[PDB]
Every structure is written in structure tokens, then in C-alpha cells.
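Only one structure is covered here, and it is reproduced in the block below.
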Amino acid sequence: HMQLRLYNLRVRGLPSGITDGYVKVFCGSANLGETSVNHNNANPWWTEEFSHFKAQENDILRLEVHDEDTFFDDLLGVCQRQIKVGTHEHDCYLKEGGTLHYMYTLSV
């Protein structure tokens, strides 16, 4: 078992009333959680970090960026990546436009 730390989530260029963004985080089949909604912000960053203490190399880190609304949330983009030991900076392109940038560390 290893520790995954997902952190430094930020997006630039979210749809624009203006996007109410949040991020969903999965590690393999574990739903690690979601950020809070960063309201009325095309370029949010989140303070949230996510850790999973049962991670293993090659697990699939999946990030979804959503736009929150009253009845239905809108999926803005999905990224999938096999996690590798060490610290990594990555970009995730959102189909609907915009880029989610994030870092992760897989350790132990």
C-alpha cells in the first residue's frame, strides 16, 4: 500500500453564467471525494488535497471537473492517468474548454 496525495488543483479557462466548478477524485475504484464548489469563477484554484493510503502504482487516478447547478451537474472534462511513484505535475484538458492543472505525489 502506498500514499497518494493529490493537490494544487486549479483550472484556467472554465466556460463563461460563469462556471461553478468542482473536482471529483477517484483512485482506481475508490471515490476519494470532491472539492468544494468554487462559485462564479472561470479560473478557480482549490485548497483541497486528497490522500488515499491504499494506493498502488498503476492505479488509475481519475479526475472529473464538473459545473454545479441546481438540478443536474454538467461534466466538463475527465482525465485518467496511471500513477507512478514520485511527484508529478500534470495538465488535464477539458473537452468543454479549459485546463485543469494538478500535482500528485505517490510515496512509500
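Chain labels follow the order of the C-alpha cells: the first chain is A, the next B, and so on; residue numbering restarts at 1 in every chain, and ligands are counted from 1 in their shown order.
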Non-local contacts of segment 65-82 of chain A (10 Å; only C-alpha atoms; under 5 positions in same chain excluded) as a PDB file with N, CA and C atoms, in the first residue's frame:
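The resulting file, out19.pdb, is reproduced below:
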ATOM      1  N   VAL A  11      -7.878  25.438 -12.231  1.00  0.00           N
ATOM      2  CA  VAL A  11      -8.257  25.393 -13.645  1.00  0.00           C
ATOM      3  C   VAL A  11      -8.116  26.755 -14.207  1.00  0.00           C
ATOM      4  N   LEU A  14     -12.302  28.026 -17.563  1.00  0.00           N
ATOM      5  CA  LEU A  14     -13.610  27.361 -17.435  1.00  0.00           C
ATOM      6  C   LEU A  14     -14.692  28.147 -18.215  1.00  0.00           C
ATOM      7  N   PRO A  15     -15.745  27.448 -18.742  1.00  0.00           N
ATOM      8  CA  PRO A  15     -16.825  28.102 -19.513  1.00  0.00           C
ATOM      9  C   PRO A  15     -17.422  29.353 -18.861  1.00  0.00           C
ATOM     10  N   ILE A  18     -21.291  32.100 -15.291  1.00  0.00           N
ATOM     11  CA  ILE A  18     -19.892  31.674 -15.184  1.00  0.00           C
ATOM     12  C   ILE A  18     -19.798  30.326 -14.432  1.00  0.00           C
ATOM     13  N   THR A  19     -18.846  29.476 -14.818  1.00  0.00           N
ATOM     14  CA  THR A  19     -18.751  28.124 -14.261  1.00  0.00           C
ATOM     15  C   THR A  19     -18.721  28.062 -12.695  1.00  0.00           C
ATOM     16  N   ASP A  20     -19.488  27.156 -12.077  1.00  0.00           N
ATOM     17  CA  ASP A  20     -19.382  26.889 -10.635  1.00  0.00           C
ATOM     18  C   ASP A  20     -18.646  25.571 -10.404  1.00  0.00           C
ATOM     19  N   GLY A  21     -17.314  25.609 -10.519  1.00  0.00           N
ATOM     20  CA  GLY A  21     -16.547  24.389 -10.662  1.00  0.00           C
ATOM     21  C   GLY A  21     -16.265  23.644  -9.385  1.00  0.00           C
ATOM     22  N   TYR A  22     -16.133  22.342  -9.550  1.00  0.00           N
ATOM     23  CA  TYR A  22     -15.609  21.475  -8.553  1.00  0.00           C
ATOM     24  C   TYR A  22     -14.993  20.284  -9.232  1.00  0.00           C
ATOM     25  N   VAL A  23     -14.182  19.557  -8.476  1.00  0.00           N
ATOM     26  CA  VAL A  23     -13.435  18.392  -8.969  1.00  0.00           C
ATOM     27  C   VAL A  23     -13.734  17.112  -8.215  1.00  0.00           C
ATOM     28  N   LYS A  24     -13.993  16.046  -8.973  1.00  0.00           N
ATOM     29  CA  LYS A  24     -14.224  14.728  -8.373  1.00  0.00           C
ATOM     30  C   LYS A  24     -12.978  13.929  -8.562  1.00  0.00           C
ATOM     31  N   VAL A  25     -12.608  13.166  -7.550  1.00  0.00           N
ATOM     32  CA  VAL A  25     -11.323  12.472  -7.459  1.00  0.00           C
ATOM     33  C   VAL A  25     -11.542  11.024  -7.110  1.00  0.00           C
ATOM     34  N   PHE A  26     -11.057  10.191  -8.016  1.00  0.00           N
ATOM     35  CA  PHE A  26     -11.068   8.737  -7.817  1.00  0.00           C
ATOM     36  C   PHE A  26      -9.655   8.199  -7.915  1.00  0.00           C
ATOM     37  N   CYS A  27      -9.357   7.226  -7.075  1.00  0.00           N
ATOM     38  CA  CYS A  27      -8.132   6.483  -7.254  1.00  0.00           C
ATOM     39  C   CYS A  27      -8.513   5.036  -7.470  1.00  0.00           C
ATOM     40  N   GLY A  28      -8.314   4.542  -8.691  1.00  0.00           N
ATOM     41  CA  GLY A  28      -8.870   3.241  -9.043  1.00  0.00           C
ATOM     42  C   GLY A  28     -10.370   3.232  -8.765  1.00  0.00           C
ATOM     43  N   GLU A  34     -14.552  14.998  -3.294  1.00  0.00           N
ATOM     44  CA  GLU A  34     -14.679  16.074  -4.250  1.00  0.00           C
ATOM     45  C   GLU A  34     -14.284  17.348  -3.561  1.00  0.00           C
ATOM     46  N   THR A  35     -13.783  18.299  -4.356  1.00  0.00           N
ATOM     47  CA  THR A  35     -13.694  19.635  -3.813  1.00  0.00           C
ATOM     48  C   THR A  35     -15.039  20.305  -3.534  1.00  0.00           C
ATOM     49  N   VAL A  37     -17.353  23.674  -4.196  1.00  0.00           N
ATOM     50  CA  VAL A  37     -17.689  24.451  -5.359  1.00  0.00           C
ATOM     51  C   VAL A  37     -17.059  25.831  -5.255  1.00  0.00           C
ATOM     52  N   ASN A  38     -16.300  26.137  -6.290  1.00  0.00           N
ATOM     53  CA  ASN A  38     -15.726  27.472  -6.412  1.00  0.00           C
ATOM     54  C   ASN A  38     -16.621  28.293  -7.341  1.00  0.00           C
ATOM     55  N   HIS A  39     -17.511  29.045  -6.684  1.00  0.00           N
ATOM     56  CA  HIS A  39     -18.613  29.727  -7.365  1.00  0.00           C
ATOM     57  C   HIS A  39     -18.231  30.886  -8.269  1.00  0.00           C
ATOM     58  N   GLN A  56      -1.744   2.107  -5.099  1.00  0.00           N
ATOM     59  CA  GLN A  56      -0.615   1.333  -5.584  1.00  0.00           C
ATOM     60  C   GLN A  56      -0.253   1.853  -6.957  1.00  0.00           C
ATOM     61  N   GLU A  57       1.012   1.702  -7.314  1.00  0.00           N
ATOM     62  CA  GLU A  57       1.490   2.098  -8.613  1.00  0.00           C
ATOM     63  C   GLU A  57       0.620   1.459  -9.687  1.00  0.00           C
ATOM     64  N   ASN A  58       0.327   2.257 -10.714  1.00  0.00           N
ATOM     65  CA  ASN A  58      -0.536   1.942 -11.843  1.00  0.00           C
ATOM     66  C   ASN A  58      -2.002   1.971 -11.600  1.00  0.00           C
ATOM     67  N   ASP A  59      -2.389   2.378 -10.393  1.00  0.00           N
ATOM     68  CA  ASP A  59      -3.770   2.631 -10.185  1.00  0.00           C
ATOM     69  C   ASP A  59      -4.112   3.799 -11.119  1.00  0.00           C
ATOM     70  N   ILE A  60      -5.382   3.873 -11.459  1.00  0.00           N
ATOM     71  CA  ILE A  60      -5.854   4.899 -12.354  1.00  0.00           C
ATOM     72  C   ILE A  60      -6.437   6.009 -11.505  1.00  0.00           C
ATOM     73  N   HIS A  90       0.874  17.712 -13.745  1.00  0.00           N
ATOM     74  CA  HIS A  90       0.122  17.362 -14.944  1.00  0.00           C
ATOM     75  C   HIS A  90      -0.938  18.348 -15.362  1.00  0.00           C
ATOM     76  N   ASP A  91      -1.306  18.263 -16.647  1.00  0.00           N
ATOM     77  CA  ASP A  91      -2.403  19.022 -17.203  1.00  0.00           C
ATOM     78  C   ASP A  91      -3.497  18.097 -17.666  1.00  0.00           C
ATOM     79  N   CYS A  92      -4.726  18.533 -17.443  1.00  0.00           N
ATOM     80  CA  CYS A  92      -5.877  17.795 -17.914  1.00  0.00           C
ATOM     81  C   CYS A  92      -6.779  18.703 -18.794  1.00  0.00           C
ATOM     82  N   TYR A  93      -6.925  18.387 -20.092  1.00  0.00           N
ATOM     83  CA  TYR A  93      -7.695  19.265 -20.912  1.00  0.00           C
ATOM     84  C   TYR A  93      -9.173  18.951 -20.861  1.00  0.00           C
ATOM     85  N   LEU A  94      -9.947  19.985 -20.658  1.00  0.00           N
ATOM     86  CA  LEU A  94     -11.380  19.796 -20.503  1.00  0.00           C
ATOM     87  C   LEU A  94     -11.993  19.942 -21.896  1.00  0.00           C
ATOM     88  N   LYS A  95     -12.821  18.975 -22.290  1.00  0.00           N
ATOM     89  CA  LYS A  95     -13.370  18.998 -23.651  1.00  0.00           C
ATOM     90  C   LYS A  95     -14.099  20.319 -23.850  1.00  0.00           C
ATOM     91  N   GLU A  96     -14.755  20.791 -22.793  1.00  0.00           N
ATOM     92  CA  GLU A  96     -15.715  21.867 -22.967  1.00  0.00           C
ATOM     93  C   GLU A  96     -14.931  23.161 -22.951  1.00  0.00           C
ATOM     94  N   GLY A  97     -13.610  23.008 -22.877  1.00  0.00           N
ATOM     95  CA  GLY A  97     -12.676  24.120 -22.822  1.00  0.00           C
ATOM     96  C   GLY A  97     -12.105  24.304 -21.409  1.00  0.00           C
ATOM     97  N   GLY A  98     -10.840  24.716 -21.361  1.00  0.00           N
ATOM     98  CA  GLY A  98     -10.194  24.900 -20.072  1.00  0.00           C
ATOM     99  C   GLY A  98      -9.181  23.827 -19.784  1.00  0.00           C
ATOM    100  N   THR A  99      -8.269  24.116 -18.842  1.00  0.00           N
ATOM    101  CA  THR A  99      -7.274  23.128 -18.438  1.00  0.00           C
ATOM    102  C   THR A  99      -7.258  23.029 -16.921  1.00  0.00           C
ATOM    103  N   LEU A 100      -7.304  21.794 -16.454  1.00  0.00           N
ATOM    104  CA  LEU A 100      -7.155  21.551 -15.005  1.00  0.00           C
ATOM    105  C   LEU A 100      -5.673  21.180 -14.841  1.00  0.00           C
TER     106      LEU A 100
END
Exercise. How would you write, as JSON, numbers by chain, the set of residues in segment 72-106 of chain A that DSSP gives as strand (DSSP E)?
Worked result: {"A": [74, 75, 76, 77, 78, 79, 80, 81, 82, 86, 87, 88, 89, 90, 91, 92, 93, 99, 100, 101, 102, 103, 104, 105, 106]}
Take the residues just selected and output them with N, CA and C atoms as a JSON list (two decimals), in the first residue's frame.
[["chain", "number", "residue", "atom", "x", "y", "z"],
["A", 74, "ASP", "N", -22.96, 19.46, -14.62],
["A", 74, "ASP", "CA", -22.52, 19.27, -16.01],
["A", 74, "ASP", "C", -21.06, 18.80, -15.99],
["A", 75, "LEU", "N", -20.81, 17.64, -16.57],
["A", 75, "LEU", "CA", -19.43, 17.14, -16.63],
["A", 75, "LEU", "C", -18.62, 17.99, -17.62],
["A", 76, "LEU", "N", -17.51, 18.57, -17.16],
["A", 76, "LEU", "CA", -16.77, 19.48, -18.05],
["A", 76, "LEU", "C", -15.59, 18.79, -18.70],
["A", 77, "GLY", "N", -15.08, 17.75, -18.04],
["A", 77, "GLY", "CA", -13.98, 17.02, -18.64],
["A", 77, "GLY", "C", -13.54, 15.93, -17.73],
["A", 78, "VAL", "N", -12.95, 14.90, -18.31],
["A", 78, "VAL", "CA", -12.43, 13.78, -17.50],
["A", 78, "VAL", "C", -10.96, 13.51, -17.83],
["A", 79, "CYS", "N", -10.15, 13.27, -16.81],
["A", 79, "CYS", "CA", -8.82, 12.75, -17.10],
["A", 79, "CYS", "C", -8.45, 11.56, -16.27],
["A", 80, "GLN", "N", -7.75, 10.68, -16.95],
["A", 80, "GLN", "CA", -7.33, 9.40, -16.44],
["A", 80, "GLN", "C", -5.84, 9.25, -16.64],
["A", 81, "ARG", "N", -5.19, 8.78, -15.59],
["A", 81, "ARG", "CA", -3.75, 8.66, -15.61],
["A", 81, "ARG", "C", -3.28, 7.52, -14.69],
["A", 82, "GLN", "N", -2.35, 6.70, -15.15],
["A", 82, "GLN", "CA", -1.78, 5.70, -14.25],
["A", 82, "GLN", "C", -0.76, 6.39, -13.36],
["A", 86, "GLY", "N", 6.71, 8.90, -7.03],
["A", 86, "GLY", "CA", 7.30, 10.22, -7.16],
["A", 86, "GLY", "C", 6.32, 11.37, -7.20],
["A", 87, "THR", "N", 6.82, 12.55, -7.54],
["A", 87, "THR", "CA", 5.99, 13.74, -7.56],
["A", 87, "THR", "C", 5.87, 14.21, -9.01],
["A", 88, "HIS", "N", 4.64, 14.51, -9.43],
["A", 88, "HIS", "CA", 4.37, 14.76, -10.88],
["A", 88, "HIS", "C", 3.45, 15.96, -11.03],
["A", 89, "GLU", "N", 3.72, 16.83, -12.00],
["A", 89, "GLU", "CA", 2.81, 17.90, -12.36],
["A", 89, "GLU", "C", 2.18, 17.53, -13.67],
["A", 90, "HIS", "N", 0.87, 17.71, -13.75],
["A", 90, "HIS", "CA", 0.12, 17.36, -14.94],
["A", 90, "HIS", "C", -0.94, 18.35, -15.36],
["A", 91, "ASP", "N", -1.31, 18.26, -16.65],
["A", 91, "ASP", "CA", -2.40, 19.02, -17.20],
["A", 91, "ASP", "C", -3.50, 18.10, -17.67],
["A", 92, "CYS", "N", -4.73, 18.53, -17.44],
["A", 92, "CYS", "CA", -5.88, 17.80, -17.91],
["A", 92, "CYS", "C", -6.78, 18.70, -18.79],
["A", 93, "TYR", "N", -6.92, 18.39, -20.09],
["A", 93, "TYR", "CA", -7.69, 19.27, -20.91],
["A", 93, "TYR", "C", -9.17, 18.95, -20.86],
["A", 99, "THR", "N", -8.27, 24.12, -18.84],
["A", 99, "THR", "CA", -7.27, 23.13, -18.44],
["A", 99, "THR", "C", -7.26, 23.03, -16.92],
["A", 100, "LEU", "N", -7.30, 21.79, -16.45],
["A", 100, "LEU", "CA", -7.15, 21.55, -15.00],
["A", 100, "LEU", "C", -5.67, 21.18, -14.84],
["A", 101, "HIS", "N", -4.98, 21.84, -13.91],
["A", 101, "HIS", "CA", -3.60, 21.51, -13.58],
["A", 101, "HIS", "C", -3.60, 20.92, -12.19],
["A", 102, "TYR", "N", -2.75, 19.97, -11.97],
["A", 102, "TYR", "CA", -2.74, 19.29, -10.66],
["A", 102, "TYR", "C", -1.39, 18.66, -10.45],
["A", 103, "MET", "N", -1.14, 18.27, -9.21],
["A", 103, "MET", "CA", 0.08, 17.62, -8.86],
["A", 103, "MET", "C", -0.35, 16.38, -8.10],
["A", 104, "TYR", "N", 0.50, 15.38, -8.19],
["A", 104, "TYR", "CA", 0.33, 14.30, -7.20],
["A", 104, "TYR", "C", 1.64, 13.75, -6.79],
["A", 105, "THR", "N", 1.67, 13.21, -5.58],
["A", 105, "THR", "CA", 2.82, 12.50, -5.04],
["A", 105, "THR", "C", 2.41, 11.07, -4.66],
["A", 106, "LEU", "N", 3.09, 10.06, -5.21],
["A", 106, "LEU", "CA", 2.91, 8.68, -4.78],
["A", 106, "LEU", "C", 4.18, 8.24, -4.06]]
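The spacing separating atom CA of residue 50 of chain A from atom CA of residue 13 of chain A amounts to 23.0 Å.
Coordinates place atom CA of residue 5 of chain A at a distance of 24.8 Å from atom CA of residue 42 of chain A.
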Exercise. Mind pulling up the distance from atom CA of residue 45 of chain A to atom CA of residue 30 of chain A?
Worked result: 23.2 Å
